[PDB]
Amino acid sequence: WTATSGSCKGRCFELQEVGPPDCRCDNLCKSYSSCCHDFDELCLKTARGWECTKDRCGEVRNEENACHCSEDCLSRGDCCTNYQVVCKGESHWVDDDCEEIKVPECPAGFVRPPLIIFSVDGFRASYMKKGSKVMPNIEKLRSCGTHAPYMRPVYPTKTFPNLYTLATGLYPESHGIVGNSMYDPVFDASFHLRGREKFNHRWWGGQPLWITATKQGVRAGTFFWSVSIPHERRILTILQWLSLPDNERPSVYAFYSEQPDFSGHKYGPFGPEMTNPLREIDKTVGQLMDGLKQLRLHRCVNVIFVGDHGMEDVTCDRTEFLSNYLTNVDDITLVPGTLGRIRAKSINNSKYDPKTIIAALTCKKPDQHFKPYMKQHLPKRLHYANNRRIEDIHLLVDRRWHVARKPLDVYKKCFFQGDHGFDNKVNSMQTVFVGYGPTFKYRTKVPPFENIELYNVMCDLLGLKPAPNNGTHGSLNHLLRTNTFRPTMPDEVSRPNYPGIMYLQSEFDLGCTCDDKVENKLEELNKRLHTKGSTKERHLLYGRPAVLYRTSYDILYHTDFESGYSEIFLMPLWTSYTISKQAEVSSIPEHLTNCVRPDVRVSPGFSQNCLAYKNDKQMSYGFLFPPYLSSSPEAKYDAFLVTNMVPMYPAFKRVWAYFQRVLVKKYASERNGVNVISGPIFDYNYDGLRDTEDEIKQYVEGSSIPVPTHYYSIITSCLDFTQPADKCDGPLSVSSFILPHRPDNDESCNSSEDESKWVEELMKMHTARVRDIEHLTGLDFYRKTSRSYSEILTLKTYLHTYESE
């Protein structure tokens, strides 16, 4: 119940929301069906439209008009945005030369440059170039301020997951808005775009920017706008708020446009009908900037122009139907479209079985346009598993396609020609970022970055401490002229042991064998040198990784590689080695095929054993430093140390052996040498964070050797590839991956073919940031370089995407 009989007189677009049942006059009252009886009359005036004309200049003020052109309007803060242009001979902002904003030029009483976020739904990154001729205001923001060629959204590339990630710095699995539609089994409640459940605060986790600001004494404009409030009135409302007295005036504002998404769904991303929505968005930017110029705020405010996601061509005919795969299609509930999520239709059905649904959906049709995953097996870069609102079965849908349960869902719900939601590395899904103002840099292009990083920067622009989030604070310092955040590197928590030779061969009873008992002061001194770290500068290029939790581990040196060996997990946490352009690949010699060698530096009690592998009929082993890339026949023996062994399913060994035997040398040839750090990851609770010992669900049978859920590698070289990776004077270049350690290759439909036809495709799908590996391992990389720490933070957030230009 709302008592709509109160009045909006002097309350139009009030910032503080009044509680039930008193009627509202805020920018969201329409959405709650709660506005006072006279809200339209008083607050949504439209008389005489939105632009001053010559005959209106100096008019007698008529309070009925949508905006004003009377002499008093600047002091009232309610002129039409073109008032000074029409009536006072001023230029449009877009027609002025751009001139660097070296310091804020703000009116007296301004404590800080305000921030205005101008968000555009469905604005695909390539519109910035492809539509530039019809968007002169946006093109001036872009060219004169700071811009990226694109900004990467979060998955799924849907509206509310992205907007709320922009507002919070959090992945959707952490803020809880994991789709535009959701079921929460704990609440037993459903979130939909239509209706009231979506306003309940229990959906919305983390701390959005307007709450962060308010708690720290910085006032905020309200971020959401009811759909019926026209854009011209939104801009005029912002400009009016900006004319409030100092103590009442907000410092952060948001404008939202439902375009170009609205038309992109109807006409496709490049439909000829798309030009007009781009022109109309540009005209709105023009109104805001002209309005700021009138207020003498155009060299005071920071403006961010940012989208939520892009738009792909998708039509009704490119739909896969689960009814062509599943016998039991009526026993499942599907959340459909550009991603699929499956759960049981009834929790009382004991015939429901996820394993049989997955198998029925796996590589069943030659050109199949979606792939099923248990959520924990999704690429870790999507960070899309750790929330009870994310169903266990996920379908990753190919770009340009939909999935649906039955054909009748698609015609009894072609209309649409565009959609979004796909994998956030897909080029069509990328969106836009421009920052313009005194705090942003002038005429500066920055590399693409992820939208999870923006919250921290918005906090920096407002002098706020960000709530805990998934950005890496400092990684976007290069966007900013001032207000940079200068983090310190985390402190190392565990220091390593450096063991020398402490055990005789006969103390070991590991069930291992090696044909190495075939045997010089010219060469004995040299091998002792290698075991003390004489080659370490070659193989450990950026310092040893820091271990940021409490544990017991040893540094182990060798001719060709260095490692951090965990006494708790019985294997390395990391193994580091450099492969030059000139390196040669060799075979594992016949006499050494099954060779494993006790490491006389590490106790039998803290070693793996070969008997456990012999007895575990499902599990084999591989090596982290590859024997194929040994520097000499004699150095090759080090590669067979029991301290370089890790557990690997035979199916996974196909992937790993091809990476090590073929791809590392290919990368060194292409990049002029590479430094590789490889290791295990344990994330059995799929939270994206390093497991403790007591979270491990699987061991090599009969033993205490834990089985990794994934194996990672970080592959670094010189950005200037004219310099070899081990003699690089300047910035670095990195690519990394986190491969799932699975007992089959069912994810790769072509895995019966030679590894040359499918392995690298798998690796690309599981591309990762170094920061993703940091979270998963509790390690901190690149501690000793010649680079600034913020530059290193940017490097650690880099994702190599393998998408075309």
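Note that residue numbering begins at 1 and tracks the sequence as displayed.
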Inset, instruction - Please say, as none, 1 to 3, 4 to 9, or 10 or more, how many residues of the deposited sequence are without coordinates in the interval between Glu519 and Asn520. - result: 1 to 3
Legend entry - Gap size between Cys414 and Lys413, counted in deposited residues that the entry leaves unmodelled: 4 to 9
Inset, instruction - Would you determine, from the values in the PDB entry, which of 314-322 and 342-350 has the greater average C-alpha temperature factor? - result: 342-350
Legend entry - Mean C-alpha B-factor comparison - 627-635 and 105-113, higher one: 105-113
Inset, instruction - Tell me, please, which of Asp772, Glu63, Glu747, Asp780 has the highest C-alpha B factor according to the deposited entry? - result: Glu63
Inset, instruction - Going by the CA temperature factor in the entry, name the top one among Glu71, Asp282, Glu100, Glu567. - result: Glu71
Inset, instruction - Would you check the entry's CA temperature factor for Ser788 and let me know if it's in the chain's lowest, middle or highest third? - result: middle
Inset, instruction - Taking the values exactly as deposited, rank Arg399 by C-alpha B-factor within its chain and report the matching third: lowest, middle or highest. - result: middle
Inset, instruction - Would you please rank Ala220 by its C-alpha temperature factor against the other modelled residues of its chain and give the third it falls in: lowest, middle or highest? - result: highest
Inset, instruction - Could you tell me which third, lowest, middle or highest, the C-alpha B-factor of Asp308 occupies within its chain? - result: lowest
Inset, instruction - Name the third of the chain's ranked CA B-factors that contains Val646, choosing lowest, middle or highest. - result: lowest
